[PDB]
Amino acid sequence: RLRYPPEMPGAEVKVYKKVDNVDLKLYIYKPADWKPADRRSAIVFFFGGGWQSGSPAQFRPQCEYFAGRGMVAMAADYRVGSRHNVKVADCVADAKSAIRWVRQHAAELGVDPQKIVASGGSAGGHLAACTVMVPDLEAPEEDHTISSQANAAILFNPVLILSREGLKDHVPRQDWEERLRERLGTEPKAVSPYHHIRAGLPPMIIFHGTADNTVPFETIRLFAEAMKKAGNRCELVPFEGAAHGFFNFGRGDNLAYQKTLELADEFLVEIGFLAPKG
């Protein structure tokens, strides 16, 4: 019941990438007092759906929230398996193309090109994480010299471990890695945020349910532990007993929705991307 293509009432629509004969769109929400020479922080949301399905509609409520707070907030479309027959590496390239485009067009968007936040849920959280910390896998036909790298991330139960290398798997299952290579369209490590943990990365906040049966909470704890040891600001907010998707607008009386927004907001204030309320 999440429509594709979404209505996105009140959004300005921009095509950020043309590829395989599809126009990939950003649904852009500006604040009421937006003017062209502004230098606002921006946020780009990537929907979840296993890199197979989903809709930018998922993050419309969050875009409206952050536009109300003075950000240029947007939800990005990206290619997925069920509609475009792509693999995960393609989705990653699209997400990188979105951040590049916003940076490239920062002036006309009224945006500070160094305050661009990547955000998303599950598979889309994975994409957001890739824009912050995984090297580009392919050179774009558009905007070649602009960085794709986001300046911060806000992740809603992301997928962050996509390879089993350097883990405590008791037997070598190189076969599992070969199968992953075929599914992902590249070497699994090359789209596995966990395998790119290093010092000097942009800051992030992660919301994850401790009862998540799709993405184990322990994968996220490992990630955050390692990020902190590398000296990165990586705030892990557990939601005790919560399941995958807990944060969505319309779930559990919107309590987790509201809480994640408050905390994401405080994060952005903490890192200097938003003015304190008032």
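Residue numbers here begin at 1 and follow the sequence given.
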**Message:** As a check of understanding, is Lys168 unmodelled in at least a third of the other compared entries that model its flanking residues?
**Reply:** yes
**Request:** Identify the stretch, either 200 to 208 or 169 to 177, whose C-alpha atoms have the larger mean B-factor according to the entry.
**Result:** 169 to 177
**Prompt:** Mean C-alpha B-factor higher for 19 to 27, or for 260 to 268?
**Reply:** 19 to 27
**Prompt:** Considering only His126, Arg79, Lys96, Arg164, which residue's Cα atom bears the greatest B-factor as recorded?
**Reply:** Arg164
**Complete:** Reading the B-factor column for Cα atoms of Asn85, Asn151, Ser119, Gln104, the highest value belongs to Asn85
**Request:** Taking the chain's C-alpha temperature factors as the reference, tell me which third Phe45 falls into: lowest, middle or highest.
**Result:** lowest
**Message:** Among the modelled residues of this chain, does the Cα B factor of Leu160 put it in the lowest, middle or highest third?
**Reply:** lowest
**Prompt:** Against its chain's modelled residues, does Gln114's Cα B factor rank lowest, middle or highest third?
**Reply:** middle
**Asked** Split the chain's modelled residues into thirds by Cα B-factor; is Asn213 in the lowest, middle or highest one?
**Response** highest
**Message:** Based on the deposited C-alpha B factors for this chain, I'd like to know if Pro193 is in the lowest, middle or highest third.
**Reply:** lowest
